[PDB]
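Note sheet for the following structure.
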Ligand SMILES: [Zn+2]
Ligand SMILES: [Zn+2]
């Protein structure tokens with residue numbers, strides 16, 4: 001029996017303007033913005049996670065609008 005490891009770094013920070021829409025739920029770069037009937041845009045990681053017990057229809061969190069997943073079958 002024997003082993004060992006060691007490592008250290010610093011890296012560099014970048015100063016740029018990120019004009020990429022963000023999810024108002026998780027607050028993460030919205031990679032896949034889904035504009036539901038209500039309009040608001042959410043991230044798959046969210047819209048999906050939120051749907052645990054429900055079948056598919058879920059009243060938008062931001063606005064209480066009767067929305068029901070519907071699209072070209
Ligand atoms: Zn999200
Ligand atoms: Zn909404």
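In PDB author numbering, the protein residues as written are 1 to 73. Every residue, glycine too, gets a C-beta built ideally from N, C-alpha and C.
Just to confirm, does residue i get its C-beta within under 7 Å of one of the non-hydrogen atoms of ligand 1?
i, result
"residue 37", "no"
"residue 43", "yes"
"residue 25", "yes"
Quick check: the Cα distance between residue i and residue j, rounded to an integer number of angstroms?
i, j, result
"residue 22", "residue 29", "5 Å"
"residue 71", "residue 49", "20 Å"
Would you mind working out which of the options sits nearest residue i, comparing C-alpha positions?
i, options, result
"residue 39", "15, 52, 66 and 11", "66"
"residue 62", "5, 35 and 12", "35"
"residue 18", "3, 31, 41 and 44", "31"
I need the boundaries of the beta strand (DSSP E) containing residue i, first residue and last residue.
i, result
"residue 43", "41-43"
"residue 34", "33-35"
What does DSSP give as the partner residues of residue i in its beta bridges?
i, result
"residue 22", "29"
Residue i: beta carbon under 7 Å from a heavy atom of ligand 2?
i, result
"residue 65", "yes"
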